[PDB]
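K.L.:
Just need the structure, nothing else, for what follows:
(chains A and B, ligands or ions: 11)
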Amino acid sequence: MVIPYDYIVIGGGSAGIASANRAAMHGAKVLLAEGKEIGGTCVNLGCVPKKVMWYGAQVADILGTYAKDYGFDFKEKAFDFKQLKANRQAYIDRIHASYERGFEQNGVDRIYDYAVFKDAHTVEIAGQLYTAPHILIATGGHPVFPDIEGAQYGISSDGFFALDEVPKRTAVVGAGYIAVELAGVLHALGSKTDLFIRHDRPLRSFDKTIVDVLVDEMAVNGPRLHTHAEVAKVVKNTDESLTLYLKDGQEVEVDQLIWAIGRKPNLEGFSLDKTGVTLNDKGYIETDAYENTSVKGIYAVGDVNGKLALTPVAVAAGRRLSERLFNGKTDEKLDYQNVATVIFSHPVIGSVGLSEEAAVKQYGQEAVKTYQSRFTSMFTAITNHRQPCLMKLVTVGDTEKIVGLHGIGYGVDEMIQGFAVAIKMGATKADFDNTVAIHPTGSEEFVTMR
Amino acid sequence: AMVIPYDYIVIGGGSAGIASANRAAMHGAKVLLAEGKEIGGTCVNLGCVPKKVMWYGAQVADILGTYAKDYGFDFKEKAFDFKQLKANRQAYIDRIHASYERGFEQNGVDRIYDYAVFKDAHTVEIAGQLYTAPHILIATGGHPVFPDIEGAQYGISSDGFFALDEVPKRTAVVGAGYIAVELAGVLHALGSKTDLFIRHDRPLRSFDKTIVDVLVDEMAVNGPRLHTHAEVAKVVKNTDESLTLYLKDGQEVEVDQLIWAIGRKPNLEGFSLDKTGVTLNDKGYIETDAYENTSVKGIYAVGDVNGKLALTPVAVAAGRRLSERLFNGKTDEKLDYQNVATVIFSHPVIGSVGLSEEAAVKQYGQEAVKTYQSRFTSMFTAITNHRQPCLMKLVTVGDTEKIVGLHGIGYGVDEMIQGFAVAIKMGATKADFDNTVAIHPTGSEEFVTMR
Ligand SMILES: Cc1cc2nc3c(=O)[nH]c(=O)nc-3n(C[C@H](O)[C@H](O)[C@H](O)COP(=O)(O)OP(=O)(O)OC[C@H]3O[C@@H](n4cnc5c(N)ncnc54)[C@H](O)[C@@H]3O)c2cc1C
Ligand SMILES: Cc1cc2nc3c(=O)[nH]c(=O)nc-3n(C[C@H](O)[C@H](O)[C@H](O)COP(=O)(O)OP(=O)(O)OC[C@H]3O[C@@H](n4cnc5c(N)ncnc54)[C@H](O)[C@@H]3O)c2cc1C
Ligand SMILES: Cc1cc2nc3c(=O)[nH]c(=O)nc-3n(C[C@H](O)[C@H](O)[C@H](O)CO)c2cc1C
Ligand SMILES: [Cl-]
Ligand SMILES: [Cl-]
Ligand SMILES: [Cl-]
Ligand SMILES: [Cl-]
Ligand SMILES: [Cl-]
Ligand SMILES: [Cl-]
Ligand SMILES: [Cl-]
Ligand SMILES: [Cl-]
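P.N.:
Numbering: from 1, shown residues only, chains lettered A, B, ... in the order given. Ligands and ions are numbered 1, 2, ... in the order given. You can find the structure just below:
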């Protein structure tokens, strides 16, 4: 006895929930399987708790650094990490309850268990067979641990959310946005923080002028950056502390070691090999522009397809797929070009489009012209801890089309979304120049460069 | 005895005058700028800048007094040194003055820190010396006014707010524009028992009512006490030095300070404008065409004195475009005063660009207008016991759903609008918004995910 559905979604993360709900909105009978907690990485171990801890860091900077220069004094300051975590978990628990009510309203069927393939169009969940002509693999990814002696004494970003107290000393190893974000939060919350990168600078894919501001501010306040660093081994002393040994002979003793050296897709444990789905050279599920796998009736959306590991990409791709399969939108698909990103570093980095380096590689040096503005954020300008801001435009051709917009500085996290619309619409430097500024804001520096 | 010739004389060293003088100098003009008070005008010394610094102080007060507890932070014996905040604020303004002097040196602008008075249409007297030029810009700005009632002298203007050295225990703010709403929110956050008096039904009457209703509801739950349909009849100074406002309906409200924020008037008196022939429009401002020309050839008026739109970026762009027209031969250069974005530093902050739903329905008819909204709680306040609402609204027109208005209220909205203002200037549609991928997690993503 096999139970039929119009759509089976494997994974209740950003990709699965979005695609499941949109499919249900268009009359499809949908089954969603989730082996862990609803909301996947974004809600339980990613964007959401990361942002809550980042706001905790912004409050920590107000109390320990800026409040004094605004005339506010106090004493017996104390920090209760368990209270911030309990409030963080209560908020996530309300997001879980909200998704469930949504499923009760739209009629999505959910099974909180592991889905395993039997063949290309049939899955087994809790000893019951389910079949559908449309199956979405939305299994996400997982953190990677290096093949280094003692690597098991360290934790990943999952481990960061399991901490119950600020470590006195923390080592963060990695050079991507997660390494930089977690290092900044631990530093703001009072941990002696050391960040280790293997090459010359962090965030290698982001505009160098922007990252250089971040590196300089880290050297003034932030975590201690160690460049050209390779961990040789990690030893756990009998006193429970960890000793990191670098290939160059240096060593650092810490209380916690966070590995943020990459993520890999969840491809094993669910008989993916019984479907015939093929992987690309990168090791992700191979898909076309419409998220079709190599097998008809099987789609792959989110981190598991390796295109862009961002929640809004997974959400939009999943909704556009449901539109295509169940609302007759044959040509519906996501444009993965010019997707804006915000890194909750200290200060915050916002970016959309090409770095100067990427524009030069795609259009040639003569065609590229950049505009930039450096200034101190008014918020920090009245204090003894002045923080720089840098906003940059990357333009190409005689009409100076804006192919990239990047910023670093206080409040940049909320500035990018509107500009990402203008760039999607083909904005030129003349469109920016014809827009009247909003004063006083940091965002106005984007439209007043000459 | 001798008249000194210049190519361009600029009366006033505020947002309009500095912008027009520097741009004219970059184009080779011999420029003279007169400033009778401080360089930077209202914006730098008594407007945008000191107002924003005090707004940041209010945000810090809200962190210490309301939100820190829910983020796990505790402390005792909190104290607030208003004089230290004010000292740091004025030191920042002193550095801004020096930046303007540095720019005049680089561009080659001649400046005199004295009051300019017209002798005739093409001649001014400054410090006893006559200067003449075929191009003269009046960029004199405006000033706050006091109501013509008994005891009005006991109140202070926004200028008096910046002169305060301590937070008043009780403050009355009379006014319904952005200045009254911003100063009431700052006083309330800094600990003053604040009362806001408006003559009509709601404040910010020109803004979308859906947005302002969220502001009014937030004030009722936590902010200043709003008094509607209030007319101040007189103010009495009590023997204990407190003040009592008498309303026309007979109500009495006792306070320590009373701020008048009932409107500004243009600076038209004291500089012999009556010797130029320049005429005023029926609104009482210097009359101008779309090119900032006064009724007298060779005299121009930019900024608050022309009454078109009292914002710093407007004064700056119009002053720059005027100099492009007079000294760079750009014959048709002029500022477009429509679709100018504004941010009101209320609690929570309001951002707005284009038409309100009511204004769109009036110009295009309900049949052609469709609005979209997103209602949510800012994540920053959502983990606390003091959840703050956010509301974002899109006003669309016709079959292509052209975005004619974009408005928001909520934590962080002040920095979200500039980019959308570019999209709306370029003629964005709901389809352009839908095709832009969101940035998560941010409040700004709610503007592109409405259905
Ligand atoms: C620390 C961190 C911070 C981040 N910050 C941001 C940010 O600020 N902004 C942003 O846009 N992105 C951010 N991301 C990325 C974002 O979280 C991911 O891109 C997004 O969650 C991917 O969604 P998904 O649906 O592809 O996968 P996931 O959210 O991982 O969902 C996959 C789900 O499938 C389940 N599953 C797997 N196999 C099975 C099976 N056989 N049966 C049933 N269920 C199964 C898993 O248990 C999991 O719940 C961050 C990520 C991390 C780790
Ligand atoms: C409390 C407050 C808050 C504000 N907040 C904002 C905001 O957040 N954003 C925004 O965009 N706008 C804001 N504004 C408005 C902004 O300050 C004005 O629109 C702007 O200053 C107008 O510039 P202006 O050049 O027309 O006039 P002003 O900046 O007022 O400049 C006029 C100058 O001319 C001088 N002057 C006058 N007559 C003579 C003479 N005969 N000879 C020599 N000098 C003379 C004066 O001394 C003065 O310095 C605010 C205003 C106030 C009062
Ligand atoms: C008769 C008269 C003389 C003035 N003289 C000066 C002056 O010498 N310096 C100055 O900065 N402002 C002067 N002002 C303007 C005034 O001080 C200030 O700009 C207020 O904004 C106007 O109410 C004068 C105004 C008038 C009416
Ligand atoms: Cl959804
Ligand atoms: Cl990177
Ligand atoms: Cl670069
Ligand atoms: Cl990583
Ligand atoms: Cl400064
Ligand atoms: Cl300028
Ligand atoms: Cl006063
Ligand atoms: Cl006013």
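K.L.:
Quick one: the strands in the stretch 301-450 of chain A, in order.
P.N.:
Along the stretch 301-450 of chain A, the stretches classed as strands by DSSP state E, counting those that start in this stretch are A:341-343, A:349-353, A:368-376, A:388-396, A:401-408.
K.L.:
What residues of stretch A:188-208 count as buried?
P.N.:
A:188-189, A:191-197, A:202-203, A:206-207 (16 or more other CB atoms under 10 Å in any protein chain shown). For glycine as for every other residue, the C-beta is placed from the backbone atoms N, C-alpha and C.
K.L.:
Among those, which are located in helices?
P.N.:
Of the buried residues of stretch A:188-208, the ones assigned to helices by DSSP state H are residue A:188.
K.L.:
Select, from the buried residues of stretch A:188-208, the two members most distant in space.
P.N.:
The span of the buried residues of stretch A:188-208, defined through CB to CB, is set by A:192 and A:207 at 29.9 Å.
K.L.:
Distance check, residue A:114 against residue A:393.
P.N.:
Between residue A:114 and residue A:393 the distance is 48 Å, computed by CB to CB, to the nearest Å.
K.L.:
Specify the local secondary structure of residue A:146.
P.N.:
On the three-state scheme (DSSP: H, G, I helix; E, B strand; the rest coil), residue A:146 is labelled coil.
K.L.:
what about it, distance to residue A:384?
P.N.:
For residue A:146 relative to residue A:384 (CB to CB), the value is 41 Å.
K.L.:
between these two, who's got more neighbours?
P.N.:
Neighbour totals were compared for residue A:146 and residue A:384, and residue A:146 leads with 14 against 10 (other CB atoms under 10 Å in any protein chain shown).
K.L.:
Distance of that one relative to residue A:264?
P.N.:
Taking CB to CB, one finds residue A:146 at 12 Å from residue A:264.
K.L.:
go on, residue A:390?
P.N.:
34 Å.
K.L.:
With neighbour numbers in mind, choose between the two.
P.N.:
Taking neighbours as other CB under 10 Å, residue A:390 and residue A:264 compare with residue A:390 leading, 22 against 14.
K.L.:
Roughly how far does the more buried one sit from residue A:406?
P.N.:
8 Å.
K.L.:
what residues do those two have in common as contacts?
P.N.:
Here residue A:390 and residue A:406 have A:209, A:210 as joint contacts, going by CB atoms under 8 Å, 6 or more residues apart in numbering or on different chains.
K.L.:
any idea where the helices of chain A begin and end?
P.N.:
Using DSSP H, the helices of chain A run over residues A:14-25, A:40-45, A:47-61, A:81-106, A:157-162, A:177-188, A:208-220, A:311-326, A:356-363, A:378-381, A:416-424, A:429-433.
K.L.:
and residue A:440, which of the ones you listed is closest to it?
P.N.:
Among the helices of chain A, the nearest to residue A:440 by CB to CB is helix A:378-381 (6.2 Å).
K.L.:
Dump the closest one to CSV, keeping only the CA atoms.
P.N.:
C-alpha atoms of helix A:378-381 as CSV (Å, rounded to 0.1, in the frame of the first residue of the first chain):
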residue,chain,number,x,y,z
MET,A,378,28.0,60.4,12.9
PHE,A,379,27.1,57.9,15.6
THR,A,380,30.8,57.3,16.4
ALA,A,381,32.1,60.8,15.4
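K.L.:
how far is it from where the chain is centred?
P.N.:
Distance of helix A:378-381 from its chain centroid, counting by CA atoms, centre = their mean, to the nearest Å, is 28 Å.
K.L.:
And for stretch A:67-84?
P.N.:
For stretch A:67-84, the distance to the chain centre is 29 Å (CA atoms, centre = their mean).
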